[PDB]
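Peer 1: Handing you this structure, nothing more for now.
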Amino acid sequence: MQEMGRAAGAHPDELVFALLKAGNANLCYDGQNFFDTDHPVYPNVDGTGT
Amino acid sequence: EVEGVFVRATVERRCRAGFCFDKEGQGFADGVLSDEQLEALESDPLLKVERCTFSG
Amino acid sequence: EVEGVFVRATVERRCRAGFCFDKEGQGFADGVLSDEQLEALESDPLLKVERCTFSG
Amino acid sequence: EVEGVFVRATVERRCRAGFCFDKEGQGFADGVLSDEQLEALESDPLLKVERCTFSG
Amino acid sequence: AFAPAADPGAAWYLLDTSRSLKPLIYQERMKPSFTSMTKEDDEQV
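Chains as they are written, first to last, in the deposited numbering: chain ah, 103 to 152; chain af, 53 to 108; chain ad, 53 to 108; chain oi, 53 to 108; chain oc, 153, 160 to 203.
Take a look at the structure:
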């Protein structure tokens, strides 16, 4: 049960880190990938990754 | 029908080339295209604004 | 005289040729003539009014 | 800069040739010159006032 | 002859002094008044 509790406590760590690892694969509110070079957030298009 | 029009000779921020100057363009309260550019172009009015029914 | 033009910045109802557009600032307020049609003429001062006598 | 224009496409009182009119939107707010005559020219915005500084 | 600036802070006068004339106040138009919201489309400024 202590192992179960420790794994449950550590769960958010790997959850968040796997999500970040999926940054390029996944997307943000704007729709494009969380890490793209052509974010259409504002008229002055900018790229958050190269 | 489109709701949204500005016909009081009112001023709005329209940016032509490197500057934003008084001009009346889209002037609508609904958007389907050019939203990112419309925001800069559709800055709410400086002066009296009144709306009408273009129904275009 | 024209006690009030009821024109500045306002546009009233003008039924002509079967289509009732809004323009030409034909607002008036008096009991001279066409009093019954005054309702139709002033049936849509949609926009803000600002009276100014023409002293006619 | 210009402190204010108060034009709204209407002057306060532009009186010339013995007759006082209302047009050309010549409203200013500053003591650069002709303050005594600025009292006569200004001090009568019959219609609405819209201030849009020209930054002159 | 960008333009940096070197400023002291020990003296109790600091460069670029500010004047807070009035405390920040949030104004509103909930009152049954104003034209651009009644005469013109609602604006609730």
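All C-beta atoms, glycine included, are put in the ideal place defined by N, C-alpha and C.
Strictly below 9 Å CB to CB, what residues from chain oi border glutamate 102/ad?
Peer 2: Taking the first residue of the third sequence as 1, we reach residue 102/ad at position 50. Those are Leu98, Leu99, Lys100, listed as they occur along chain oi.
Peer 1: Go through its chain and collect everything with a Cβ distance to residue 10/ad's Cβ below 8 Å, but skip five positions before and after it.
Peer 2: Chain ad is shown only over 53 to 108; residue 10/ad falls outside these bounds and no answer can be derived.
Peer 1: With a cut-off of 8 Å on the beta carbons, I'd call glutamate 55/af and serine 95/af a contact; round off their distance for me.
Peer 2: In the second sequence, the residue the question calls residue 55/af occupies position 3. In the second sequence, the residue the question calls residue 95/af occupies position 43. Wrong, their Cβ atoms sit about 19 Å apart, outside the cutoff.
Peer 1: Going by the beta-carbon positions, is the gap between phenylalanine 136/ah and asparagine 128/ah smaller than 7 Å?
Peer 2: Position 34 of the first sequence holds residue 136/ah. Position 26 of the first sequence holds residue 128/ah. Result yes, Cβ atoms of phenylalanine 136/ah and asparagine 128/ah sit closer than 7 Å.
Peer 1: Smallest Cα separation from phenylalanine 106/oi: which of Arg68/oi, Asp74/oi, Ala81/oi, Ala69/oi?
Peer 2: By one-based count along the fourth sequence, residue 106/oi stands at place 54. Taking only the C-alpha atoms, the option nearest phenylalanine 106/oi is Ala81/oi.
Peer 1: Could you tell me the distance, in whole angstroms, from the CA atom of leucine 121/ah to the CA atom of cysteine 130/ah?
Peer 2: Position 19 of the first sequence, counted from the start, is the residue given in the question as residue 121/ah. Position 28 of the first sequence, counted from the start, is the residue given in the question as residue 130/ah. In a straight line, the C-alpha of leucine 121/ah is about 12 Å away from that of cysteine 130/ah.
Peer 1: Counting only Cβ pairs nearer than 7 Å, list the residues of chain af close to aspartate 199/oc.
Peer 2: Counted from its first residue, the fifth sequence places residue 199/oc at position 41. Within chain af, the residues near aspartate 199/oc are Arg103.
Peer 1: Can you name the residues of chain oi whose CB is closer than 8 Å to the CB of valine 63/af?
Peer 2: Indexing the second sequence from 1 puts residue 63/af at position 11. Chain oi residues near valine 63/af: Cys104.
Peer 1: Check the Cβ of residue 31/af against every Cβ in chain ah and list those closer than 7 Å, keeping chain order.
Peer 2: In this structure chain af extends from 53 to 108, so residue 31/af is not present and cannot be described.
Peer 1: Span of the beta strand (DSSP E) holding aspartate 74/af?
Peer 2: On the second sequence, residue 74/af is found 22 positions in, with the first residue counted as 1. First-last of the beta strand (DSSP E) with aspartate 74/af: 72-74.
Peer 1: Per DSSP, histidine 141/ah forms a beta bridge with which residues?
Peer 2: Walking along the first sequence from the start, residue 141/ah turns up at place 39. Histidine 141/ah pairs with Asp148/ah.
Peer 1: Buried or exposed: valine 57/ad, going by 16 or more other Cβ atoms within 10 Å of its Cβ?
Peer 2: Reading the third sequence from its first residue, position 5 is the one you call residue 57/ad. Per the 10 Å Cβ criterion, buried.
Peer 1: Report the rounded CA-to-CA distance for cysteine 72/af versus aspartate 115/ah, giving the unit in angstroms.
Peer 2: Working through the second sequence from its first residue, we reach residue 72/af at position 20. Working through the first sequence from its first residue, we reach residue 115/ah at position 13. Taking the straight line joining both Cα atoms gives about 47 Å.
Peer 1: Under a three-way DSSP split, which group does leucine 99/oi fall into?
Peer 2: Looking up residue 99/oi in the fourth sequence gives position 47. If DSSP states are grouped into helix, strand and coil, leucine 99/oi belongs with coil.
Peer 1: Please report the distance separating the alpha-carbon of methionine 103/ah from that of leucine 117/ah.
Peer 2: Here residue 103/ah is taken as the residue at index 1 of the first sequence, counted from 1. Here residue 117/ah is taken as the residue at index 15 of the first sequence, counted from 1. Rounded to whole angstroms, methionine 103/ah to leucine 117/ah spans 21 Å at the Cα level.
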